[PDB]
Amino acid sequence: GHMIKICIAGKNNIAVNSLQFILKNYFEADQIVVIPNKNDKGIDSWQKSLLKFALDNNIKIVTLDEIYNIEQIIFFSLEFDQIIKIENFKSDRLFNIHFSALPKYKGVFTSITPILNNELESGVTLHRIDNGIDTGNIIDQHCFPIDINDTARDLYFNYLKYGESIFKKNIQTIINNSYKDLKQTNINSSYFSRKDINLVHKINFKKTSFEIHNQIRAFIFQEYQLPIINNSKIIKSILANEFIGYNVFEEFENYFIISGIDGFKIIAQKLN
């Protein structure tokens, strides 16, 4: 009955690409609205800007308060920066793509957390929004590897790619309201808030090589920060099977050679 069919809220390549897909296959511009994040300056950089795409393509910029009363609107959060309260909305068609393999790693900095916690894989998860943080019923999930030398930045770019793809996979059944979901289990459910991550990580070397490597690469995301060892920024960590002795630490002009308690070789590459 309403003119507005869908709201894309959030940021970065995922939001912009998903919005382009709907504009191309599903809805005309005047049936779409967007809510960019508060820090969206409308500048294309290492990620596309949702604000800029909307401006460039004549898609109206709204607030949450403007869409609460639109019956039957489809609302999608793609890296959106606000916690919603479902009772504000007339529509119950409220969706989020969360960058983790729920029920693990709810909350923030999910490019960092699974790496820091020694995971070999991650995922993106399409779920209904309930009042809790990343707690809603799962509609679809796609898991993928965290390669051994992947950095947080590498994992983030995989989120973007696989998140975009899971949006495309599911959007038809969302629009025709034929989707199925399953409640998240209590078991395996984990969560991190911003308070739980110090982005200036102090490395604990009394750890295995795997753990030391993980501590370094979880913080490699150059647009924000790089880990520092002996007053040198690190751009890459490489973990090998080679035994070189226990608890090695040697600084060279271009790299460190490190091993932990189990003696496997790490090369930590300096930016310089």
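The numbering used is simple: start at 1 and walk along the sequence shown.
According to the PDB record, 73 to 81 carries the higher mean C-alpha B-factor of the two stretches 110 to 118 and 73 to 81. Taking only CA atoms, the mean B-factor in the PDB entry is higher for 192 to 200 than for the other of 192 to 200 and 89 to 97. For the set 46, 26, 210, 246, the PDB entry puts the maximum C-alpha B factor at 26.
By the numbers in the PDB entry, the CA B factor is greatest at 39 among 39, 215, 232, 225.
Residue 174: CA B factor lies in the highest third for its chain, per the PDB record. In the deposited entry, the Cα temperature factor of residue 22 sits in the top third of values across the chain's modelled residues. Among all modelled residues in this chain, the alpha-carbon of residue 220 has a temperature factor (C-alpha) in the lowest third.
Residue 147 sits in the middle third of its chain by CA B factor, as recorded in the PDB entry. Among all modelled residues in its chain, residue 154 ranks in the lowest third by Cα B-factor.
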